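*Asks:* The data below comprise the sequence and an experimental structure of the protein.
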Amino acid sequence: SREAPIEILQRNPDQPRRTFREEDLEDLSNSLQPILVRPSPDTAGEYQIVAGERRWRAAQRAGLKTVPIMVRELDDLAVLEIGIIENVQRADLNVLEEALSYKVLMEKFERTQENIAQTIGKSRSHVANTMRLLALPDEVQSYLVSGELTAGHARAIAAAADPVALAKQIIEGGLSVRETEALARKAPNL
Amino acid sequence: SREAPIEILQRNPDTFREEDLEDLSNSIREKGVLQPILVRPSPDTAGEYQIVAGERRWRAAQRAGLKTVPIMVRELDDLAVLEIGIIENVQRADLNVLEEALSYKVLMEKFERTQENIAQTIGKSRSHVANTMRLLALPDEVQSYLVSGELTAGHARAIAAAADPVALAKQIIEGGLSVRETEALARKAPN
DNA sequence: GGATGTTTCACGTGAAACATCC
DNA sequence: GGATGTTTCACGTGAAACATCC
């Protein structure tokens, strides 16, 4: 890990516009984990960030003249890929955003579930079940982000026919996940 | 600490997480502002006060719809700055359970806060605050297993009240027992 | 009665087990 | 056979219930 001026690092225009909560950044600012960089295609002696955009922003706030980088050369697709795998590992994301990240890793980057799981540190089951939530009706996906349903609830009624009817039953009756599992079990499937 | 209308307080002109504020709001809703707000006479108004410490609970009380909130006309004592420093550090949530327990013990002893007070402040439940602190009563051996990972909070908490906890900890690790199992183990201690 | 000490157990998670597809 | 699709259920957390102290 080489020391580098904070001036000569730049964010990746290609990988989507990451925004971070002021609170989280003010916290980090106030708090020596190297930033993963690669030689800048735009400049010559400058580096581009592949991972650690938060700490970079935090270091700027903390007023450091020079910040620890760790360089490695990397295809534009590899930097897109690491960008998504980093974003998932952040605990900020919600389950639908998390599922999309898994779908994109699997489609556009031809990764196996088992691959994604090993990479992101969860289990394959989890990766699989998370993605399945994208198959749910819009109505049911609304309840997931509103908070009216939990992942556990939604996942247990994914395989049912007329999930919306079960979701309504769950909310009205304030049912547990265990209860919904028994409900969906004795209901037809599509 | 005199009770004062929420109307007559104002912020220091020189972000708080919705979740955290909704939580506090609801605590103040049930138990009321358990920790006085430090104020000083308003330079802007005349009969109004300006807040020196407790902007969060003020905002929380407004959400809870309290007509009047407990104030204390007082400046920031070095102990007040030590106190805020610890309460901020706990809220960060980077810290581990033993560090968390110490923070609660110090808030309770050196700053004479009630468990219920600490809970409302830091946003966990009283039980939790109580049970977390109890882990400090465990032998060093057992506290080692908590940070090593060999035991979980749930395990340790369930054998705190036992005599010879170390013997139970050894039983747990050797037998790879669940928390439910340890609860049944400790339950059949004689008393 | 209200602060503190301790136990009990319903909860959603998460991954292992099982089922089906490629 | 190994990836993927889905179900089942053991797990620790977390907070309400219970117990004890002043």
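*Replies:* Happy to help now that I have it. Numbers count the residues shown, from 1 in each chain, chains lettered A, B, ... in the order given.
*Asks:* Please count neighbours and contacts with C-alpha atoms only from this point.
*Replies:* Noted.
*Asks:* mind saving the C-alpha coords of stretch A:39-50 as CSV?
*Replies:* What follows is the C-alpha trace of stretch A:39-50 in CSV, where atoms were taken according to Å, rounded to 0.1, in the frame of the first residue of the first chain:
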residue,chain,number,x,y,z
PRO,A,39,-4.2,3.9,-13.2
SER,A,40,-6.5,6.7,-14.5
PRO,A,41,-7.6,6.4,-18.2
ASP,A,42,-8.4,10.2,-18.1
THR,A,43,-5.2,11.6,-16.6
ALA,A,44,-1.7,9.8,-16.8
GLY,A,45,-0.1,9.9,-13.3
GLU,A,46,-3.5,10.0,-11.5
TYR,A,47,-5.4,7.0,-10.2
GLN,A,48,-9.1,6.0,-10.5
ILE,A,49,-11.0,4.5,-7.5
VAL,A,50,-12.5,1.0,-7.9
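*Asks:* Can you pull out the residues in contact with it?
*Replies:* A:8-12, A:35-38, A:71-73, A:79, A:82-83 (CA atoms under 8 Å, 6 or more residues apart in numbering or on different chains).
*Asks:* ok, what's across the strand from residue A:36?
*Replies:* As for beta bridges, residue A:36 partners with residue A:51, residue A:70 under DSSP bridges.
*Asks:* residues touching it, list them.
*Replies:* So residue A:36 contacts A:49-52, A:69-72 (CA under 8 Å, 6+ apart).
*Asks:* Roughly how far does it sit from chain B?
*Replies:* Distance, residue A:36 to chain B, by CA to the nearest CA, to the nearest Å: 23 Å.
*Asks:* element containing the residue in chain A that chain B sits nearest to?
*Replies:* Scanning chain A for the residue nearest chain B gives residue A:23, at 6.3 Å (criterion: CA to the nearest CA). Using DSSP states H and E, the element containing residue A:23 is helix A:22-30.
*Asks:* Dump that helix to PDB, keeping only the CA atoms.
*Replies:* Output for helix A:22-30, consisting of C-alpha atoms alone and laid out as PDB, is shown next (Å, rounded to 0.1, in the frame of the first residue of the first chain):
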ATOM      1  CA  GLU A  22     -24.000  12.900   5.600                       C
ATOM      2  CA  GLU A  23     -24.300  11.300   9.100                       C
ATOM      3  CA  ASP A  24     -22.300   8.200   8.000                       C
ATOM      4  CA  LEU A  25     -19.700  10.400   6.300                       C
ATOM      5  CA  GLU A  26     -19.400  12.800   9.300                       C
ATOM      6  CA  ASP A  27     -18.900   9.700  11.500                       C
ATOM      7  CA  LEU A  28     -16.200   8.200   9.300                       C
ATOM      8  CA  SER A  29     -14.600  11.600   8.800                       C
ATOM      9  CA  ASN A  30     -14.200  11.800  12.700                       C
END
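*Asks:* What residues of that helix count as buried?
*Replies:* When burial is assessed from 16 or more other CA atoms under 10 Å in any protein chain shown, helix A:22-30 yields the following buried residues: A:25, A:28-29.
*Asks:* Next: stretch A:67-86.
*Replies:* For stretch A:67-86, the neighbour count (16+ other CA under 10 Å) marks A:67-71, A:79-81, A:83-85 as buried.
*Asks:* Quick check: end-to-end length of that stretch?
*Replies:* With CA to CA, to the nearest Å as the measure, the first residue of stretch A:67-86 is 20 Å from its last.
*Asks:* Figure out how far that stretch is from the centre of its chain.
*Replies:* Offset of stretch A:67-86 from its chain centre (CA atoms, centre = their mean, to the nearest Å): 16 Å.
*Asks:* Alright, I will stop here.
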